[PDB]
C-alpha cells in the first residue's frame, strides 16, 4: 500500500471505514489529503456533502451517541485536525450482523485518521484535549424531527474518564 495516497480500510462493522490520510511536509508546514472522490468510489462511497460543521471541545467532554432516524438517516464523515478524541461508534441497525457491537479509534492530527460511518450508526466521542476540533460531514441535513440518540454509558463501553462533561440533552438520551 502506498503511503502517498489516501488509504481506506473497511471495518468489521460493515459500511464503516477507517480512512488514513497521507501527509506532505516541508519548511512551510504540512498538507494532508482527506478526501478524493475516485478513491472513495472504489468502496462504493461518496463524501457526505449535505452539511458540514466543526466542533471545538474542552478536555473531558463526551458528545453522543448521535444518529438520525430513517428516512433522514445519513452517512457521516469525521476527522480531527487539532486536539484529540476517542471516537466511538455503535451499530444500532437491527438487521445488521454486528448489531449492538461498537468500535473505537483515537483520532488526531498525528495519525490523520478519518472515520466514515454508515446510516444507522450511533456516533460519539470523548475529547482528550482542550481546543479539540472535529470536522464533521453528513449526507443529509440535520432533521430535528428525526434527530435521535443513545446514552453514552448504556451500550457496554468503558469510557476512560471521570466526571465527563456532557450536555443535559445527551444526559437524557435513552439507554440502548
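Positions refer to the first chain, counted from 1.
Once the C-alpha B-factors are averaged per stretch, 142-150 and 109-117 rank with 142-150 first. For the pair 54-62 and 130-138, the record assigns the higher mean C-alpha temperature factor to 54-62. Among the modelled residues of its chain, residue 97 has a C-alpha B-factor that falls in the highest third, as given in the PDB entry. Sorting the modelled residues of the chain by their CA temperature factor places residue 19 in the lowest third.
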